[PDB]
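One structure below.
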Amino acid sequence: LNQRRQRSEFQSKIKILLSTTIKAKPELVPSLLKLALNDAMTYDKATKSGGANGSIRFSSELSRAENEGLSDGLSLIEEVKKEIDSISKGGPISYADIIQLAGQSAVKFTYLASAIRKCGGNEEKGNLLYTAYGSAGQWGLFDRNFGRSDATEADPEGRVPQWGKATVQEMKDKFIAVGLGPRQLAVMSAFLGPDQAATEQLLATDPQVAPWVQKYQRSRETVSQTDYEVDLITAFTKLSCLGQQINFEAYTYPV
Ligand SMILES: [Ca+2]
């Protein structure tokens, strides 16, 4: 209870810091997305190893081809972690959490950009449109999965595609291997590359994924894009806590 509150007050502070930082550096949004994906996609059921554990901060993992071009995003993460650590009442925040939290703020940024765009670039109105729904209420479960532990080393090599050079079947296999499938692959378009339209053109060439891409394209044309937003959150939520046992009392302190 009191811990539920402490945690959420601590999340508010994190979120305002993330959105203002992302606001100063929007060209890193694709990096933050991919950083959250590539930290998570090492999860391997059989050996219960890998997953969303912050391993990706290790130079040994960061120099892997699949992780090319992610230095700048990881600097933003370090900078933001140092700032969050200085105001936390319940200890430093883990890398695994900040990486997934940077992901959430980047997602929100791409939703806000939609609203603004749908309003003839007018930024003041697009903010009101975005605020209207969210789907801020759909972040509920995601917001509860706060308290991930840090890995102390790189995740094993060889479990993450170089998305940019990958065929769609290498791509489906990655989602399948982690318990997902063609629908999650489609809705997580933005995570795969800096150019979602291009990513989605590639994805529509495989008939298993096609109907999902067309569905989400349709949803993104409606003003509210509710099904795109809700489904992304759902699958991202599953992805961000894989291999992780959440400490529901993390970031707690005397009342
Ligand atoms: Ca990892």
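Order of listing sets the numbers, starting from 1, for every ligand and every atom in it. FYI, side chains are in, hydrogens and waters are out, and symmetry mates aren't considered; it's all heavy atoms of this structure. Residue numbers run from 1 in the order of the sequence given.
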Taking backbone and side chain together, does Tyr43 place any N/O/S atom at a distance below 3.0 Å from the Ca ion (ligand 1)? no

Knowing that exactly one of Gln6, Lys13, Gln11, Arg5 qualifies, which makes a side-chain hydrogen bond (donor to acceptor under 3.5 Å, both in side chains) with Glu9? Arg5

Geometric cation-pi criterion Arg220 and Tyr228, 6.0 Å radius, 45° cone: yes

Between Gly51 and the Ca ion (ligand 1), is there a contact where an N/O/S atom of the residue lies under 3.0 Å from the metal? yes

Given the ring of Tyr95, does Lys81 sit roughly above its face, with NZ or CZ under 6.0 Å from the centre of the six-membered ring and within 45° of the axis? yes

State whether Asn38 contributes an N/O/S atom found under 3.0 Å from the Ca ion (ligand 1). no

Given OG of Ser55 on one side and OD1 of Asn53 on the other, what angle do they make at the Ca ion (ligand 1), to 10°? 80°

Around atom CZ of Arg144, are there more than 12 heavy atoms from other residues, nucleotides or ligands closer than 6.0 Å? no

Assess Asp155: does it contribute an N, O or S atom lying under 3.0 Å from the Ca ion (ligand 1)? yes

For a quick test of reading the model, state the closest non-hydrogen atom pair linking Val187 to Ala235 and the distance between them. CG1-CB, 4.2 Å

